[PDB]
Amino acid sequence: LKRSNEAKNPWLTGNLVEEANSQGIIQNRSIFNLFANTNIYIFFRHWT
């Protein structure tokens, strides 16, 4: 683009993934979570 112009794992924690909104599959959710390392979170704390 410069050249051109896991199995058998039930839900147990519940709290970690905030989203338990809908049965089966949530269809339209504003809510979005980013899972991060240390060097992602620090880059984000330097942004806030």
# chains A, B, ... in the order shown; residues from 1 in each chain; ligands from 1
>>> select_by_dssp(residues="chain A", states="alpha helix (DSSP H)", output="list in words")
residues 38, 39, 40, 41, 42, 43, 44 and 45 of chain A
>>> write_last_selection(atoms="N, CA and C atoms", output="short mmCIF file (atom, residue, chain, number, x, y, z; two decimals), in the first residue's frame")
data_model
loop_
_atom_site.label_atom_id
_atom_site.label_comp_id
_atom_site.auth_asym_id
_atom_site.auth_seq_id
_atom_site.Cartn_x
_atom_site.Cartn_y
_atom_site.Cartn_z
N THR A 38 0.93 -4.55 28.40
CA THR A 38 1.41 -3.39 29.14
C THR A 38 1.75 -2.25 28.20
N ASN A 39 2.39 -2.55 27.06
CA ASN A 39 2.87 -1.50 26.18
C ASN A 39 1.75 -0.93 25.31
N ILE A 40 0.56 -1.54 25.34
CA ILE A 40 -0.60 -0.93 24.71
C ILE A 40 -1.28 0.02 25.69
N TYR A 41 -1.48 -0.43 26.92
CA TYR A 41 -2.11 0.40 27.94
C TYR A 41 -1.30 1.65 28.22
N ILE A 42 0.03 1.51 28.31
CA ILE A 42 0.87 2.68 28.56
C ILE A 42 0.77 3.67 27.41
N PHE A 43 0.76 3.16 26.17
CA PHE A 43 0.55 4.05 25.03
C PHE A 43 -0.80 4.74 25.13
N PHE A 44 -1.77 4.10 25.77
CA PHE A 44 -3.09 4.71 25.88
C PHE A 44 -3.17 5.65 27.07
N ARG A 45 -2.38 5.40 28.12
CA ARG A 45 -2.34 6.34 29.22
C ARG A 45 -1.55 7.58 28.85
#
>>> residues_around(residues="region 14-19 of chain A", least_positions_apart="5", cutoff="12 Å", atoms="only C-alpha atoms", output="PDB file with N, CA, C and O atoms, in the first residue's frame")
ATOM      1  N   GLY A  24     -27.347 -15.494  23.017  1.00  0.00           N
ATOM      2  CA  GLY A  24     -26.640 -15.895  21.814  1.00  0.00           C
ATOM      3  C   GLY A  24     -25.649 -14.831  21.396  1.00  0.00           C
ATOM      4  O   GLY A  24     -24.611 -14.630  22.037  1.00  0.00           O
ATOM      5  N   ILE A  25     -25.969 -14.130  20.313  1.00  0.00           N
ATOM      6  CA  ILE A  25     -25.083 -13.134  19.728  1.00  0.00           C
ATOM      7  C   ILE A  25     -25.708 -11.757  19.880  1.00  0.00           C
ATOM      8  O   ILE A  25     -26.849 -11.533  19.460  1.00  0.00           O
ATOM      9  N   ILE A  26     -24.958 -10.829  20.479  1.00  0.00           N
ATOM     10  CA  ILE A  26     -25.372  -9.435  20.483  1.00  0.00           C
ATOM     11  C   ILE A  26     -25.299  -8.901  19.064  1.00  0.00           C
ATOM     12  O   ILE A  26     -24.280  -9.051  18.380  1.00  0.00           O
ATOM     13  N   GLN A  27     -26.377  -8.267  18.609  1.00  0.00           N
ATOM     14  CA  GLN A  27     -26.424  -7.836  17.217  1.00  0.00           C
ATOM     15  C   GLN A  27     -25.819  -6.452  17.037  1.00  0.00           C
ATOM     16  O   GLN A  27     -24.808  -6.297  16.346  1.00  0.00           O
ATOM     17  N   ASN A  28     -26.302  -5.430  17.721  1.00  0.00           N
ATOM     18  CA  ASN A  28     -25.627  -4.142  17.536  1.00  0.00           C
ATOM     19  C   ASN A  28     -25.175  -3.477  18.832  1.00  0.00           C
ATOM     20  O   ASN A  28     -25.994  -2.893  19.537  1.00  0.00           O
ATOM     21  N   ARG A  29     -23.883  -3.551  19.155  1.00  0.00           N
ATOM     22  CA  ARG A  29     -23.456  -2.982  20.430  1.00  0.00           C
ATOM     23  C   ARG A  29     -22.473  -1.854  20.309  1.00  0.00           C
ATOM     24  O   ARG A  29     -21.462  -1.972  19.624  1.00  0.00           O
ATOM     25  N   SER A  30     -22.782  -0.731  20.938  1.00  0.00           N
ATOM     26  CA  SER A  30     -21.825   0.355  20.972  1.00  0.00           C
ATOM     27  C   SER A  30     -20.621  -0.096  21.743  1.00  0.00           C
ATOM     28  O   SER A  30     -19.488   0.178  21.363  1.00  0.00           O
ATOM     29  N   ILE A  31     -20.862  -0.812  22.824  1.00  0.00           N
ATOM     30  CA  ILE A  31     -19.769  -1.204  23.697  1.00  0.00           C
ATOM     31  C   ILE A  31     -18.677  -2.023  23.047  1.00  0.00           C
ATOM     32  O   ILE A  31     -18.946  -3.061  22.464  1.00  0.00           O
ATOM     33  N   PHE A  32     -17.445  -1.582  23.188  1.00  0.00           N
ATOM     34  CA  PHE A  32     -16.276  -2.233  22.615  1.00  0.00           C
ATOM     35  C   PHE A  32     -15.116  -2.187  23.592  1.00  0.00           C
ATOM     36  O   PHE A  32     -14.779  -1.119  24.117  1.00  0.00           O
ATOM     37  N   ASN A  33     -14.505  -3.342  23.827  1.00  0.00           N
ATOM     38  CA  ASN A  33     -13.389  -3.470  24.748  1.00  0.00           C
ATOM     39  C   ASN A  33     -12.140  -3.877  23.982  1.00  0.00           C
ATOM     40  O   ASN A  33     -12.207  -4.707  23.070  1.00  0.00           O
ATOM     41  N   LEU A  34     -11.012  -3.287  24.353  1.00  0.00           N
ATOM     42  CA  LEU A  34      -9.720  -3.596  23.766  1.00  0.00           C
ATOM     43  C   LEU A  34      -8.885  -4.331  24.801  1.00  0.00           C
ATOM     44  O   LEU A  34      -8.616  -3.791  25.878  1.00  0.00           O
ATOM     45  N   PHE A  35      -8.475  -5.552  24.478  1.00  0.00           N
ATOM     46  CA  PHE A  35      -7.588  -6.324  25.334  1.00  0.00           C
ATOM     47  C   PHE A  35      -6.157  -5.943  25.000  1.00  0.00           C
ATOM     48  O   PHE A  35      -5.772  -5.934  23.827  1.00  0.00           O
TER      49      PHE A  35
END
>>> atom_distance(atom1="CA of residue 1 (chain A)", atom2="CA of residue 36 (chain A)")
26.6 Å
